[PDB]
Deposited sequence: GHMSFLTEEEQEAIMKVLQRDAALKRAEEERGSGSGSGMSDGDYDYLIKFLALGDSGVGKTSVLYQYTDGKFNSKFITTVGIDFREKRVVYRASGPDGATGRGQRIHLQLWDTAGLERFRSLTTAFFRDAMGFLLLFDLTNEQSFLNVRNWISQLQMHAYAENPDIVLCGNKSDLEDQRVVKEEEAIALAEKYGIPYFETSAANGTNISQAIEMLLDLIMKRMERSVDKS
């Protein structure tokens, strides 16, 4: 085929997402209790869109519909602040904005622009794709270079854990990578939900314990 273009259809979609965002930002000006935003990212096809659809809906579409650059979801949830002592304090009402980024190079500039709005990052690779794993180092570098906090809260997800017959990333290699950076690691599946909320609650716990210092 010819080199795929920017369509009218697709630029409209991206501007619809931007309309929505500007609306949501203006809403929470007029002042559930907290607005926490984080951003999901990784090689295309590793499952970032599937991961968040699982977590907000509990469903999973098998058909690959690659992302048009940028999109986001929301979820009202209750956070519980912890401590060594199981303090598990009084639940604070939290209103999440889960950003979703296209992994394809042609969206690199546009997605990277939304790191300003992120408070923490959900980095994904595909347990069935060794290249996406080796690319994790570069994604992390982009995060330190382009995020708006230094050494920003990352939580790393090896996804498609439900495809064992096709895994190729050794669990030890990922544990080691994430240990080398001090980054929490979960193997997840967007199809059956395994570790989806655990990984996100983890990210939210990282972002929440950060603000509580200042």
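Gaps in the model relative to the deposited sequence occur at 32-43, 227-230, listed in sequence order.
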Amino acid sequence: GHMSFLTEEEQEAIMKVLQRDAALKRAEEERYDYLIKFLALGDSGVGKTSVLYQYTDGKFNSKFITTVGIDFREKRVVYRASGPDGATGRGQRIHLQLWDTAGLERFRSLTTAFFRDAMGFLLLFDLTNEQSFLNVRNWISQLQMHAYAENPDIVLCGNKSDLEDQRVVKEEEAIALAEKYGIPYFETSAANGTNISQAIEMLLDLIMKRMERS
From here on, numbers count along this sequence of modelled residues.
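Look at the C-alpha B-factors of 190-198 and of 6-14. On average they run higher in 6-14.
With 145-153 and 41-49 compared on mean CA B-factor from the PDB entry, the stretch scoring higher is 145-153.
Between the residues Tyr55, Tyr185, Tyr32, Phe60, it is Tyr32 that shows the highest Cα B-factor in the PDB record. Looking only at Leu98, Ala102, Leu123, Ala87, the residue with the top Cα B factor in the deposited structure is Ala87. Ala81 sits in the highest third of its chain by CA B factor, as recorded in the PDB entry.
Ranked within its chain, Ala178 lands in the lowest third, by CA B factor from the PDB record. When all modelled residues of the chain are sorted by CA temperature factor, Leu110 is found within the lowest third. Residue-level temperature factors show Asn135 in the middle third of its chain, judged at the C-alpha atom. Ranked against the other modelled residues of its chain, the C-alpha B-factor of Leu127 as given in the entry falls in the lowest third.
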